[PDB]
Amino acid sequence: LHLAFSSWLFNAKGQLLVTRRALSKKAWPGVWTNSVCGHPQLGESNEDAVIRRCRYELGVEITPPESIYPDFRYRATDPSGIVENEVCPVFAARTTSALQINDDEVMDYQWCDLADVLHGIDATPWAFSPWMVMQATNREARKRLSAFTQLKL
């Protein structure tokens, strides 16, 4: 088992940031997925890991990450047999600065309405990363994502 995390980022307007993994990524390259995900460092909290990776991959600052699916665990296998088994708590947060893309990690991105992303995930789950789908289909997690679509002034 390995430790990891996943995060869903929204802007002040309530739009969700979806990203596409770079072609050079070892696992799931070129796949559309939720905002960010990674792995915490030896003595680092999950919250700080989210903050660190948001800065590293998206060059963005965020509000305090909220835990929306702490017990999420998953074992998925990428297109060339690479297998991943991890404890992956899920978080949601709002961006507080403009994005500055790191193309070694992200090859494309889109600010969208959550309602549309959920419709896409429900209709064609194969077009997205498996963890994005599994996380978005959890009733409790989905309710928290919905809460982040509120306009924040």
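Take the two forms, superpose them, and find the largest set of C-alpha atoms that agree within 1.5 Å; that set is the rigid core. Counting begins at 1, following the sequence as shown.
- Looking at 29-37 and 83-91, the one farther from the shown form in 5 other deposited structures of this protein by average CA distance, after a rigid core fit, turns out to be 83-91.
- 5-13 and 136-144 differ in mean CA B-factor, and the higher of the two is recorded for 136-144.
- Taking the PDB entry as given, 23-31 carries the higher mean Cα B factor of the two stretches 23-31 and 94-102.
- When the C-alpha B-factors of 54, 115, 123, 87 are ranked from the entry, the top spot goes to 87.
- Remark: of 110, 41, 63, 67, 41 shows the highest value [criterion: C-alpha B-factor in the PDB entry].
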